[PDB]
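**Q** Take a look at the following structure, please.
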Amino acid sequence: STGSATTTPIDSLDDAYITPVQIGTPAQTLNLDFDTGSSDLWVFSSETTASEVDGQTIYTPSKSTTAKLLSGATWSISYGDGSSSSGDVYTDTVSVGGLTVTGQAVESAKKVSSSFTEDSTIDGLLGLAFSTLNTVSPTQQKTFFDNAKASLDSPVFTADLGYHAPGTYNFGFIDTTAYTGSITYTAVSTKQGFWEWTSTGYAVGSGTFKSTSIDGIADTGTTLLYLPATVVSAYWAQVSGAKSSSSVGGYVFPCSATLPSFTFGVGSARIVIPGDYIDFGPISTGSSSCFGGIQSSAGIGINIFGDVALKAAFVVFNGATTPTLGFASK
């Protein structure tokens with residue numbers, strides 16, 4: 001089997017991407033944030049504290065003939081940005097782009113943090129990291145991909161995120177029309193539960209490539225590109241007037257600037273992030289200070305190849321017995 005679904009930016013900045021997901025019988029379609037950095041499929045629901053729901057579409061398990069309470073199971077998750085959610089668990093039928101999993105754990109939120117409430121466009125998350133990170137207790141549950149894997153034509157999914165445009169998540173096949181040149185594959189460590197890999201270096205603009213190992217995670221659920229302070233300083237030094245602002249919470253730059261591109265290495269291959277992908281617009285409405293899309297990972301504890309990086313590539317998440325990651329230009 002295979003599946004193919006369009007993923008759409010939630011706003012004009014590509015702050016996140018939403019993908020429609022069918023849950024239950026008859027189907028209830030919710031728009032979920034596909035997150036290769038976590039491993040829980042959780043949704044706003046009829047059980048979510050009413051004051052914490054503000055425009056989201058909810059899953060109502062009592063209206064699904066295939067929903068079953070997973071008795072005694074609870075979940076609770078916190079993300080890198082300090083947001084969080086928790087609740088109980090149902091199993092139900094879940095379909096993405098024509099690919100159906102029966103008995104998928106659907107984690108129903110009883111509580112969500114303010115950042116989730118305030119984002120009316122995101123009805124929940126669909127985790128695509130390794131199932132070892134799943135938070136359900138006392139019986140850990142599998143991701144949608146893990147459940148689907150044996151049925152797929154090939155044990156893979158691909159992320160093709162757009163810049164200010166829709167893109168595609170495919171399951172079970174590689175669309176050879178969706179990228180240019182060849183796909184370069186690179187080793188993955190699953191030791192921390194992430195799609196963790198080592199970039200071979202970087203360049204700023206038309207500058208020379210610096211060969212240096214940068215361990216990080218491919219994370220569709222993180223907006224920006226978080227890299228070591230040395231690398232990030234080298235990038236922003238090429239933008240007149242750019243500076244790190246403790247008050248704002250990262251590098252800012254004059255909105256009048258033209259940003260240089262940023263290249264990262266994948267083995268001997270190179271992925272080029274155009275300068276415009278690194279612009280996240282005014283820090284507040286009407287400001288002439290703009291927020292940068294490349295930020296320091298210092299104090300995160302891990303480097304994160306988030307959407308800024310991934311949307312410059314066609315990305316293969318290969319879930320074979322020994323997982324790997326592939327990157328192509330597009």
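Identifiers in this document derive from the order of the structure tokens: chains are assigned A, B, ..., residues are numbered from 1 separately in each chain, and ligands are numbered from 1 in order of occurrence.
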Could you list, as a PyMOL selection string, every residue within 6 Å of segment 4-12 of chain A, counting only C-alpha atoms and ignoring same-chain residues fewer than 6 positions away?
**A** chain A and resi 18-19+97+166-170
**Q** Got time to write the residues from that selection, N, CA and C atoms, as an mmCIF file, in the first residue's frame?
**A**
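Writing the result to again22.cif gives the following:
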data_model
loop_
_atom_site.group_PDB
_atom_site.id
_atom_site.type_symbol
_atom_site.label_atom_id
_atom_site.label_comp_id
_atom_site.auth_asym_id
_atom_site.auth_seq_id
_atom_site.Cartn_x
_atom_site.Cartn_y
_atom_site.Cartn_z
ATOM 1 N N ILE A 18 0.140 21.824 8.067
ATOM 2 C CA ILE A 18 -0.947 20.937 8.444
ATOM 3 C C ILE A 18 -1.344 20.012 7.309
ATOM 4 N N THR A 19 -1.709 18.792 7.688
ATOM 5 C CA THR A 19 -2.021 17.734 6.747
ATOM 6 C C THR A 19 -3.335 17.105 7.204
ATOM 7 N N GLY A 97 -4.034 10.235 3.400
ATOM 8 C CA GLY A 97 -3.818 10.214 1.969
ATOM 9 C C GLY A 97 -4.132 8.877 1.326
ATOM 10 N N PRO A 166 1.949 24.853 -0.736
ATOM 11 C CA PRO A 166 1.742 23.467 -0.299
ATOM 12 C C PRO A 166 2.837 22.523 -0.779
ATOM 13 N N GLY A 167 2.895 21.377 -0.119
ATOM 14 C CA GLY A 167 3.836 20.317 -0.420
ATOM 15 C C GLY A 167 3.173 18.983 -0.154
ATOM 16 N N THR A 168 3.972 17.943 0.045
ATOM 17 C CA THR A 168 3.457 16.578 0.063
ATOM 18 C C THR A 168 4.174 15.703 1.080
ATOM 19 N N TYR A 169 3.400 14.890 1.809
ATOM 20 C CA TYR A 169 3.913 13.726 2.536
ATOM 21 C C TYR A 169 3.450 12.468 1.800
ATOM 22 N N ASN A 170 4.410 11.636 1.399
ATOM 23 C CA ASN A 170 4.113 10.338 0.798
ATOM 24 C C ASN A 170 4.558 9.220 1.729
#
**Q** Just the residues within 12 Å of residue 268 of chain A, please, counting only C-alpha atoms, with nothing from its chain fewer than 6 positions along; format it as a compact mmCIF listing (two decimals) with N, CA, C and O atoms, in the first residue's frame.
**A**
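Output file selection_6.txt is given in full below:
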# COMPACT_ATOMS: atom_id res chain seq x y z
N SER A 182 20.12 13.35 -7.89
CA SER A 182 20.05 12.12 -7.12
C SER A 182 19.77 12.39 -5.64
O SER A 182 19.99 13.50 -5.14
N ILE A 183 19.28 11.36 -4.95
CA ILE A 183 19.10 11.40 -3.51
C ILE A 183 20.38 10.89 -2.87
O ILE A 183 20.85 9.82 -3.21
N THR A 184 20.94 11.66 -1.95
CA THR A 184 22.08 11.22 -1.16
C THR A 184 21.61 10.74 0.20
O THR A 184 20.99 11.49 0.96
N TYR A 185 21.96 9.49 0.51
CA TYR A 185 21.56 8.87 1.76
C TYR A 185 22.70 8.98 2.78
O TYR A 185 23.89 8.94 2.43
N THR A 186 22.31 9.10 4.04
CA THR A 186 23.25 9.30 5.13
C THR A 186 22.76 8.52 6.36
O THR A 186 21.56 8.29 6.54
N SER A 199 25.51 16.12 9.45
CA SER A 199 25.84 16.93 8.29
C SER A 199 27.36 17.06 8.18
O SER A 199 28.07 17.07 9.17
N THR A 200 27.83 17.18 6.95
CA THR A 200 29.26 17.23 6.67
C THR A 200 29.82 18.66 6.62
O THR A 200 31.03 18.83 6.43
N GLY A 201 28.98 19.68 6.77
CA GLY A 201 29.49 21.04 6.88
C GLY A 201 28.54 22.07 6.33
O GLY A 201 27.35 21.79 6.14
N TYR A 202 29.05 23.27 6.08
CA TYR A 202 28.19 24.36 5.66
C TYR A 202 28.95 25.41 4.86
O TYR A 202 30.18 25.51 4.92
N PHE A 209 33.03 26.30 1.38
CA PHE A 209 32.41 25.30 2.23
C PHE A 209 33.37 24.90 3.35
O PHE A 209 34.55 24.61 3.11
N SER A 211 34.17 22.12 5.96
CA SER A 211 33.96 20.73 6.30
C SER A 211 34.04 20.56 7.80
O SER A 211 35.09 20.80 8.41
N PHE A 327 18.48 12.95 1.16
CA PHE A 327 18.20 14.33 0.77
C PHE A 327 18.49 14.53 -0.70
O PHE A 327 19.56 14.14 -1.18
N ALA A 328 17.56 15.18 -1.41
CA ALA A 328 17.79 15.62 -2.78
C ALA A 328 17.40 17.09 -2.91
O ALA A 328 16.53 17.59 -2.20
**Q** Residues within 12 Å of residue 284 of chain A, please, as a list in words. Count only C-alpha atoms; anything in the same chain fewer than 5 positions from it doesn't count.
**A**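 Contacts, with the query itself left out: residues 248, 252, 255, 289, 290 and 291 of chain A.
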**Q** May I have the residues within 10 Å of residue 192 of chain A as a ChimeraX atom specification, using only C-alpha atoms and disregarding those fewer than 6 positions away in the same chain?
**A** /A:129-130,132-133,217
**Q** Mind checking which residues fall within 7 Å of residue 23 of chain A, counting only C-alpha atoms, ignoring those fewer than 5 positions away in the same chain, and posting them as a count of residues only?
**A** 6
**Q** Among segment 150-241 of chain A, which residues does DSSP mark as helix (DSSP H, G or I) when it is run on the backbone? Keep the chain and numbering as in the structure and answer as an MDAnalysis selection string.
**A** chainID A and resid 150:151 229:236
**Q** Generate the output file for the selected residues, C-alpha atoms, as an mmCIF file, in the first residue's frame.
**A**
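For reference, result08.cif as written:
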data_model
loop_
_atom_site.group_PDB
_atom_site.id
_atom_site.type_symbol
_atom_site.label_atom_id
_atom_site.label_comp_id
_atom_site.auth_asym_id
_atom_site.auth_seq_id
_atom_site.Cartn_x
_atom_site.Cartn_y
_atom_site.Cartn_z
ATOM 1 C CA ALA A 150 4.767 -3.786 7.076
ATOM 2 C CA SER A 151 1.909 -3.044 4.657
ATOM 3 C CA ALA A 229 26.702 29.219 17.888
ATOM 4 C CA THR A 230 29.888 29.320 15.834
ATOM 5 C CA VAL A 231 28.023 28.470 12.613
ATOM 6 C CA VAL A 232 25.155 30.849 13.327
ATOM 7 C CA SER A 233 27.527 33.734 14.129
ATOM 8 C CA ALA A 234 29.347 33.132 10.845
ATOM 9 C CA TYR A 235 26.030 33.350 8.962
ATOM 10 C CA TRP A 236 24.706 36.538 10.585
#
**Q** Restricting the calculation to only C-alpha atoms, which member of A:220, A:238, A:71, A:46 is positioned closest to residue 259 of chain A?
**A**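 Using only C-alpha atoms, residue 259 of chain A sits closest to A:238.
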**Q** Just the residues within 7 Å of residue 128 of chain A, please, counting only C-alpha atoms, with nothing from its chain fewer than 5 positions along; format it as a ChimeraX atom specification.
**A** /A:34-39,143,145
**Q** Give the answer as one residue: which of A:127, A:82, A:68, A:315 has the shortest atom-to-atom distance to residue 102 of chain A, using only C-alpha atoms?
**A** A:68
**Q** So which one's closest to residue 299 of chain A, A:159, A:330, A:81, A:165? Using only C-alpha atoms, please.
**A**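 Answer, going by the shortest atom-to-atom distance: A:81.
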